[PDB]
Each structure stands twice: as structure tokens, then as C-alpha cells.
């Protein structure tokens, strides 16, 4: 169980409490999207996506089970699907449950030709910077990712810690919804 954030203001503590409390009441996809809309309204980004996947033995997604697009550009997602980006996107190779991953950091470390191609295209589409939080359940090798695009979220240590702590609860909600 990931530790709760230190250094939050009373308002930030209350927000996180509200978020986890609300997450525990989510039963439907509509409720989940609506809740993610509200979370996003508190973050310096307009682009959020949650995905649920079946995992390999190293907690990496081997199959996407459910994608809940809250606010990624539909044209970007259409391209991602058409161009087979799932196979090249470094973010889909994360070991879920191992801590938040900053995209710029991960992208800078990419060496493969197809990976670099993807990164260049993501960059042109305003997706060169962002953060992905994750949680995994080995009850049935299933995990979730919460992705937020932009440079500003990663710079807000409090928000990062709050979203990180929310993620396991979003994961349980996503399992219930699925």
C-alpha cells in the first residue's frame, strides 16, 4: 500500500479524502467518467485517460481490457489505433505499481527506431510531456494506468502525490465497472 502524502494543506487533505471516498462509490462507467472529469478540473491539464489491462508476470500490460478516454484528443486516439502505437509507446511498457512515470524522462531514454518515431509524433500532437500513475492487483494479474498529458501536473508535487494515492482506488473502481 502506497503511503499517503506528507505536506498537504488541510484543503488538499480534504480533496484527497473526497476523491478516495467518491472513488469507493463508483459502480458504473458513467460515474467513473464523471468522477474523472471532476479530478481533471483540479489539475493543470485538459488531457486524461484511464486504462485497465491484463498483465504479464512482470506487471506489464499484455492486453488492454478497457480504455476510458476522458479527454485525450479523439484524433490522437484514432491515430494511435490505426498506426499500431500500442506496440511502440514506452508508456505501455511500464511495470505497473512501480511508481509514477514522467514521460519526458522515459522518452529521453528510448533508443529504438520505432519508439523514437512514436515519440516524435506524440510530441507533435502535444503528448510529449505527461505523467502515468499505475496500480496492479495480482488477484488476477490486472492493472490500471491513469495518464495525464502536460508539463504542469508533474511540477506540482502535492498533486502528483494526491493522484498517485488516488490511483489504487481508481483501479478498484475500474475493476468494478468492467
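Residue numbers count along the first chain shown, from 1.
Of the two segments examined, 104-112 and 78-86, it is 104-112 that shows the higher average Cα temperature factor in the deposited entry. Mean CA B-factor, 136-144 versus 53-61: the higher value falls on 136-144. Taking only the listed residues 122, 43, 48, 131, the entry reports the highest CA temperature factor at 43.
Ranked by C-alpha B-factor against the other modelled residues of its chain, residue 173 falls in the lowest third.
Among all modelled residues in this chain, the alpha-carbon of residue 167 has a temperature factor (C-alpha) in the lowest third.
Sort the chain's modelled residues by C-alpha temperature factor and residue 156 lands in the highest third, per the entry.
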